[PDB]
Amino acid sequence: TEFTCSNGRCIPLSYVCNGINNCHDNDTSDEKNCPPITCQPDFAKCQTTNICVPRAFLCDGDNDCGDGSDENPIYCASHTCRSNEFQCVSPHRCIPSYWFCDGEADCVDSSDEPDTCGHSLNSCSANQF
Amino acid sequence: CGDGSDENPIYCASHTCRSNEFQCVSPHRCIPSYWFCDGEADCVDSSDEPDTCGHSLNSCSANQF
Amino acid sequence: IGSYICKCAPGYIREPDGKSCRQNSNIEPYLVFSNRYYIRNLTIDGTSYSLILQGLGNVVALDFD
Ligand SMILES: *[C@@H]1O[C@H](CO)[C@@H](O)[C@H](O)[C@H]1NC(C)=O
Ligand SMILES: *[C@@H]1O[C@H](CO)[C@H](O)[C@H](O)[C@H]1NC(C)=O
Ligand SMILES: *[C@@H]1O[C@H](CO)[C@H](O)[C@H](O)[C@H]1NC(C)=O
Ligand SMILES: *[C@@H]1O[C@H](CO)[C@H](O)[C@H](O)[C@H]1NC(C)=O
Ligand SMILES: [Ca+2]
Ligand SMILES: [Ca+2]
Ligand SMILES: [Ca+2]
Ligand SMILES: [Ca+2]
Ligand SMILES: [Ca+2]
């Protein structure tokens, strides 16, 4: 069930050609034998590994490439917000404006709905209960 | 950027061409379509105007010389 | 390597929990269910309960378009 590398370290056989040098060894013996890991259109590759990721992920704010190849601050810092959204002090990630005072923390910092929103009220139709 | 920080292949490889342009085998850089057979090498490889374009012709107005 | 990430498809945004997703459209999703004589409308936010139709004979199945 396992494969061994030049450093006296062993990894599952399936991991050998997964596209990441799991052995971290001098010879890079797990990936060294594997074929060309091509990447499909509408996908992108990461500087440190032979991984293929959809372009939508490139500036979504999540470290999808383990090396941080996506979310490169030069290209991704271009974002803007509050055209139809709301902003939070936590790492940038903007949410539809109506969402902020709705009564559930849409942001990790919960800055979307402090007491400043104002105390809640509700109403019903005249023919209802 | 001297380090090649710009032109990062992940982001910049998204380019497309020939909506209104023409393409050359030399490094990607597309030029307006009309430019290719105009008679001056708009591309470093001069692939924009090989003999395939066809031998040139010109015309003038009936009242001219 | 050493962890996982959760992704919400287009039209969905991700909650602080990381594991959960919420829907981006403003219109409230609602539930429609039918008894023998009634078709009822209930909102997932729990704020509203209303009637679609009454007096039907036996409403055994519903679908929408
Ligand atoms: C690989 O091993 C040789 C001999 O032990 C060593 O000199 C060299 O620096 C190593 N290279 C890397 C990249 O680990
Ligand atoms: C892999 O890359 C080659 C070029 O190196 C071709 O473009 C091929 O079509 C690619 N295959 C896949 C499945 O993406
Ligand atoms: C958001 O981005 C747009 C892009 O056209 C504008 O630059 C706008 O000024 C930005 N909003 C803010 C708050 O600066
Ligand atoms: C150029 O880019 C556009 C972007 O919408 C299309 O993907 C189009 O298919 C591309 N052209 C070619 C020749 O592939
Ligand atoms: Ca591997
Ligand atoms: Ca990302
Ligand atoms: Ca909220
Ligand atoms: Ca030319
Ligand atoms: Ca993992």
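A.B. asks: What is the right way to look at the sheet that holds strand β4 (residues 38–43) of chain C in this model?
C.D. replies: All names here are of chain C. The strand order across the open sheet formed by 3 strands is β3-β4-β5, and the pairing between neighbours is antiparallel. The open sheet has two edge strands, β3 (30–34) and β5 (49–54), and neither has a second partner. This sheet shows a mean twist of 20° between the axes of neighbouring strands, independent of strand direction. Bridging between β3 and β4 involves 5 bridges; their strand directions are antiparallel. Each residue of the ladder has a partner; that of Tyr30, found in β4, is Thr43.

A.B. asks: Looking at this structure, I do not really get the interface of chain B and chain A. What am I missing?
C.D. replies: The extent of an interface is frequently quoted as the accessible surface area lost upon association of the parts. Counting residues at the interface gives 8 residues for chain B and 14 residues for chain A. Of the residues assigned to the side of chain B that touches chain A, the class counts are 3 nonpolar, 3 polar and 2 charged.

A.B. asks: Please explain the state of the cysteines as it appears in this structure.
C.D. replies: Covalent bonding between the sulfur atoms of two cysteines is what defines a disulfide. Residue and element names in this part refer to chain A. For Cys59, the disulfide goes to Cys76, at an S-S distance of 2.0 Å. Disulfide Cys59 to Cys76: torsion about the S-S bond roughly -75°, handedness left-handed. Here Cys59 is found in the loop between β4 (52–54) and α1 (73–76), whereas its partner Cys76 is found in helix α1, with 17 residues between them in sequence. The disulfide partner of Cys81 is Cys94, and the S-S distance across this bridge is 2.0 Å. Between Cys81 and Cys94 the disulfide shows an S-S torsion of about -70°. By sign, it is left-handed. A residue pair is termed long-range when its members are at least 10 positions apart, and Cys81 in the loop between α1 and β5 (85–86) and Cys94 in the loop between β5 and β6 (95–96) qualify at 13 residues. Of note for chain B: the bonded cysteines, numbered N- to C-terminal, pair according to 1-3, 2-5, 4-6.

Conventions used here
Residues numbered from 1 in each chain as written, not as in the entry; some residues may be left out. Chains lettered and ligands numbered in written order. Part of a larger assembly, values for the part shown. Heavy atoms only, no water. Residues with missing side-chain atoms left out of burial classes, pairs and counts. Pairing = 2+ DSSP bridges. Helix = DSSP H or I, 4+ residues; strand = E, 2+ residues; numbered from the N terminus. Axes fitted to C-alpha atoms, helices over the stretch in contact; angles between N-to-C directions. Contact = heavy atoms within 4.5 Å. Nonpolar A, V, L, I, M, F, W, Y, C, P; charged D, E, K, R; others polar. Disulfide = S-S within 2.5 Å.

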